[PDB]
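Okay, structure first, notes after.
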Amino acid sequence: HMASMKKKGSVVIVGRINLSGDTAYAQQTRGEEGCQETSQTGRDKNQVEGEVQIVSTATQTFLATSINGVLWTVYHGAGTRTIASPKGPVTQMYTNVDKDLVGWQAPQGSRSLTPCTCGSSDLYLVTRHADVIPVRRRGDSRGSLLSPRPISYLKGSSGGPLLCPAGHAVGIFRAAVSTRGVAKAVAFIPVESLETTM
Ligand SMILES: COc1ccc2nc(O[C@@H]3C[C@H]4C(=O)N[C@]5(C(=O)NS(=O)(=O)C6(C)CC6)C[C@H]5/C=C\CCCCC[C@H](NC(=O)OC(C)(C)C(F)(F)F)C(=O)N4C3)c(C(F)(F)F)nc2c1
Ligand SMILES: [Zn+2]
């Protein structure tokens with residue numbers, strides 16, 4: 001009934017992938033209890049840094065990537081949810097279920113990646129464990145892993161970036177191409193598709 005209808009919580013930033021130095025590593029910035037609390041209130045006072053955030057809902061955890069002032073992630077992770085911020089929940093500025101794509105204004109303090117114009121096919125996928133995985137581009141929205149690995153290692157990395165050799169954003173990781181549990185390839189949202197949405 002109407003009196004007892006629940007509201008879905010916000011997406012919450014719970015960590016980041018540190019790419020600022022010579023070593024990539026994951027950092028947690030909020031534990032599970034604080035994530036649950038922040039999800040209900042939508043008020044996140046933590047300072048945000050970097051380009052790739054680790055994000056969570058009550059039931060899922062995945063990634064989100066800032067490109068040209070927009071924090072982007074996958075619809076199959078975030079749905080239509082708001083994101084927690086220091087002033088309360090922030091409504092999505094982009095929602096496109098057909099591309100599995102959502103976006104919010106980039107959090108204050110984040111840093112954005114620049115959309116790639118290199119036209120290069122030698123890419124790098126960044127995972128939630130701060131693995132940097134070489135990927136050869138194979139089409140507009142597909143790339144092959146130079147070294148395949150079980151889908152377990154990629155789970156939780158949707159919304160993460162594929163980067164070019166110079167560190168520009170080439171796309172957003174969406175899905176794994178899996179055969180008997182091995183990821184030989186990945187599907188991603190090309191940055192051009194983000195640039196159109198903008
Ligand atoms: C109504 O709106 C909707 C609703 C639901 C939708 N569900 C969609 O796919 C779902 C979710 C997605 C996924 O697993 N994402 C990753 C991840 O890490 N997720 S996540 O962070 O853990 C988490 C789930 C957020 C927490 C990177 C993966 C890492 C490991 C793979 C595990 C094994 C799964 C293999 C699968 N493979 C596949 O379907 O490949 C196809 C597409 C057939 C191929 F590419 F081969 F053609 C695959 O990857 N996924 C199945 C898609 C789309 F398919 F677009 F993604 N749109 C939607 C639009
Ligand atoms: Zn580039």
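Keep in mind that the numbers below use all heavy atoms, side chains included, and drop hydrogens, waters and symmetry copies. Each residue takes its place number in the sequence, starting with 1. Whatever order the structure lists ligands and atoms in, that order sets their numbers, starting from 1.
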Exercise. Got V11 and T57 here, is their nearest side-chain heavy-atom distance under 4.5 Å?
Worked result: yes

Exercise. Is ligand 1 under 4.0 Å from a heavy atom in the side chain of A175, in the backbone, in both, or in neither?
Worked result: both

Problem set entry | Sub-4.0 Å atoms of ligand 1 with respect to non-hydrogen atoms of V97 | 1 (C), 2 (O)

Exercise. Backbone, side chain, both or neither: what part of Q60 comes under 4.0 angstrom of ligand 1, heavy atoms only?
Worked result: side chain

Exercise. Nearest 0.5 Å, what's the OG-CD1 distance between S112 and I67?
Worked result: 8.0 Å

Problem set entry | Contact check, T61 vs ligand 1, heavy-atom distance below 4.0 Å | yes

For this session: For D122, enumerate each residue passing the salt bridge (charged side-chain N to carboxylate O under 4.0 Å, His left out) test, keeping only those at least two apart in sequence or located in another chain.
Result: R136

Problem set entry | Residue pair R43 / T38: nearest heavy atoms and the distance that separates them | O-CG2, 3.3 Å

Problem set entry | Those atoms of ligand 1 less than 4.0 Å from some heavy atom in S157 | 18 (O), 21 (O)

Seminar exercise, completed: Heavy-atom proximity to atom 7 (N) of ligand 1 ranks first, among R128, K99, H76, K155, for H76

Exercise. Taking the Zn ion (ligand 2) as the vertex, what is the angle from SG of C118 to SG of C164, given to 10 degrees?
Worked result: 120°

Under 3.5 Å, which donor-acceptor pairs do the side chains of residues 156-168 form with other protein atoms, sequence neighbours left out?
unit_1, atom_1, unit_2, atom_2, d
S157, OG, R128, N, 2.9

For this session: Work out whether the distance between some heavy atom of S178 and some atom of ligand 1 is less than 4.0 Å.
Result: no

Exercise. With a 4.5 Å limit on heavy-atom distance, are the side chains of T127 and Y153 in contact?
Worked result: no

For this session: State, with a plain yes or no, whether a side-chain heavy atom of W104 is found less than 4.5 Å away from one of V102.
Result: yes

Problem set entry | Heavy-atom closest contact (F173 atom, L154 atom, distance) | CE2-O, 4.0 Å

For this session: Report yes if some N/O of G156 lies less than 3.5 Å from some N/O of ligand 1; otherwise report no.
Result: yes

Problem set entry | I151 neighbourhood, listing ligand 1 atoms whose heavy-atom distance to it stays under 4.0 Å | 30 (C), 33 (C)

For this session: May I ask you to list the atoms of ligand 1 that are less than 4.0 angstrom from any heavy atom of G77?
Result: 25 (C)

For this session: Heavy atoms only: give me the nearest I54-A26 pair and the separation to one decimal.
Result: CD1-CB, 4.3 Å

For this session: Decide whether an N or O pair under 3.5 Å exists between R174 and ligand 1.
Result: yes

Exercise. For the Zn ion (ligand 2), which N, O or S atom of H168 is at the shortest distance?
Worked result: ND1

Exercise. For ligand 1, is any non-hydrogen atom under 4.0 Å from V74's backbone (N, CA, C, O), its side chain (CB onward), both, or neither?
Worked result: neither

Exercise. Under the 3.5 angstrom rule, does the side chain of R174 hit a backbone N or O of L101 as a donor-acceptor pair?
Worked result: no

Problem set entry | Of the listed options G181, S158, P150, closest to atom 20 (S) of ligand 1 (non-hydrogen atoms) | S158

Exercise. Looking only at non-hydrogen atoms, which of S141, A78, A176, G159 approaches atom 40 (O) of ligand 1 most closely?
Worked result: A176

